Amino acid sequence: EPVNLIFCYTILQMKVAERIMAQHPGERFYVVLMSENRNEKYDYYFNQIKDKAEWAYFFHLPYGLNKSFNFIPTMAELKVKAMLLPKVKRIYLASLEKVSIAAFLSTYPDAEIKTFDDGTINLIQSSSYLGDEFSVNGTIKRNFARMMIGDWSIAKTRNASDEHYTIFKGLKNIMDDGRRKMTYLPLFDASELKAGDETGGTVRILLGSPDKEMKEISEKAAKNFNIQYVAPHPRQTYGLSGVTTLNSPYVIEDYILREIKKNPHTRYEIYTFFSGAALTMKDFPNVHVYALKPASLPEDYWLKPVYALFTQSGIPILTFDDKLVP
């Protein structure tokens, strides 16, 4: 059964929402209240909404986000809003945030706009969305491809931006479309690591999967390849019995750079189920990345461009026969 959405930003609008809901007693409503404000009156009507809707959510907004008024403003009110406004010469944002925060961008038409990579999604070129795995209408992959094509077109054409920073050296970017300056921005510093010959031990680390059905495969991989440590994925909710979990406030990239400087003679091996962090770390000194492709998973668990990016990057892809591990 489909749902109806209601979006409100004042109390009277919530009263209007209630009237609409009551005229449609047979329909499902999710109601979102957005406000910069907090008080007893807002709570009373929001609680009524909570009681009456299938789902209700209060979405707090930073004070001063809205430059408009639901009421007719006085001169005093116009003046306050006009000088709270920071004067904005430039805005930097992820390339796909040109889609998601386009309405805010449009309120600063004279600002210079520059983008940076969203992440490894920038590495899938336009043409890849046109084959054969994205080709069957109705499918989840087709719908994905259609969404991405539409998003990149918006990012590349609206709210013109004149430079794009990429953190990926030597892989073509979806934003490299000749309408902006491409600038490589090395995120990580490797000079001054002072890394030497690998005459010390070997330290093996598995990059944990945020996907809970990968738990047994992960444990099997650790046993099979003798991997002592796991770097848990930020969005991972489980542990790997018989593997030591690394606990650190750093992202894996910074953690490894810190370890290299501390242990300039240690061989570091990073094993991964095609994690995007691999693509940033392949060029670190004394670091050796291996992608694991478990035989029990379908060929299409990963999108085809993933296999190609890993190979273009010089990262070995290892068949892992996980059913041969107890």
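Quick note: we count residues from 1 along the sequence shown, nothing fancier.
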### Message
Mean Cα B factor from the PDB record: higher for 149 to 157, or higher for 232 to 240?
### Response
232 to 240
### Query
Looking at the entry, does 260 to 268 or 27 to 35 show the higher mean C-alpha B-factor?
260 to 268
## Note on the structure
Note to self: of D110, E213, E253, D177, the C-alpha temperature factor tops out at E213
### Query
Which listed residue, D162, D117, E97, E198, has the largest C-alpha temperature factor in the record?
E198
### Query
Sorting the chain's CA B-factors, does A221 end up in the lowest, middle or highest third?
middle
### Message
Quick check for you: using the entry's CA B-factors within this chain, is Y290 in the lowest, middle or highest third?
### Response
lowest
### Message
Can you tell me whether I205 has a C-alpha B-factor in the lowest, middle or highest third compared with the other modelled residues of the same chain?
### Response
lowest
### Query
Should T280 be placed in the lowest, middle or highest third of its chain by the C-alpha B factor in the entry?
highest
### Message
Please place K89 in the lowest, middle or highest third of its chain according to the CA B-factor in the PDB entry.
### Response
lowest
